[PDB]
């Protein structure tokens, strides 16, 4: 607080209470569990796909004992959406997609579902919801490169992830948003640790490390769901898969999520205007489809291949990635 830095490009948390939007029915019960969910399409014709998804998840997983708790969750989600920037990719639509994705993967894994506690389900849902809150549409490396105050505040790996986590807790701390206020001090602590773990592990830098760790877990026999640390690890793997898994939901849906390149193009341009070195691979490439291939082979496919070995019933995402790769490979 003594060193002189430039103003941050990340916006401070907005604690203001904002009227929640109308939660239009966004599909069937089977539809919400379906990996084929098209988040952009829904956002297309409803007031808020994030708030509609959030409420359907809370109701499907029996989150509330009283209408009071339910109202706080509704106000919370509304305020979380009020804290997502209008980015091409890292926006409230991405958050909704990850929330529904997490909800979809978890409920597709019978054993994990048969063992998850109601508190772990709330924590997983809340984490998916807030995992990218206040994201500025610029990477952790860019924040460091421009010496953004948030890089100095949150030291070590995952600058943004740490910020998303703290922000989610500041919001949850607002009385009208605190749907967990009736929780015991011990339960709330378990809640925070779970949430902190889930969001922290969305940090892309941990990829090599996590794939290796989960591969070792697989060799030892996979997840023992009667063990809470194991359920935490499992949730962590599924949340992550959901976060980077839009391209596994189907060819047509994958096409809609190529907006990530728009954020890349923007950062590349931002860097040029600042006179900084341009991030490799961020400027628009000659062929979008073919540049996607090494990224799917390196990050996405391995993730869903491992996920399929740890939860043998979850096969759809991997087959879709393959169909997608084949299409990109054929492209001229």
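Positions refer to the first chain, counted from 1.
Annotation for 259 to 267 versus 38 to 46: the higher mean temperature factor (C-alpha) is found in 38 to 46. When the mean C-alpha temperature factors of 290 to 298 and 66 to 74 are read from the deposited coordinates, 66 to 74 comes out higher. Of the candidates 220, 238, 93, 183, the PDB record gives 183 the highest C-alpha temperature factor. Across 113, 234, 143, 124, the greatest Cα temperature factor reported in the deposited entry is at 113. For residue 224, the recorded CA B-factor ranks within the middle third of the chain. Only modelled residues enter the ranking. Per the deposited record, the Cα B-factor of residue 251 falls in the middle third when ranked against the other modelled residues of its chain. Sort the chain's modelled residues by C-alpha temperature factor and residue 120 lands in the middle third, per the entry. The entry lists a Cα temperature factor for residue 194 that places it in the lowest third of the chain's modelled residues. For residue 215, the recorded CA B-factor ranks within the middle third of the chain. Only modelled residues enter the ranking.
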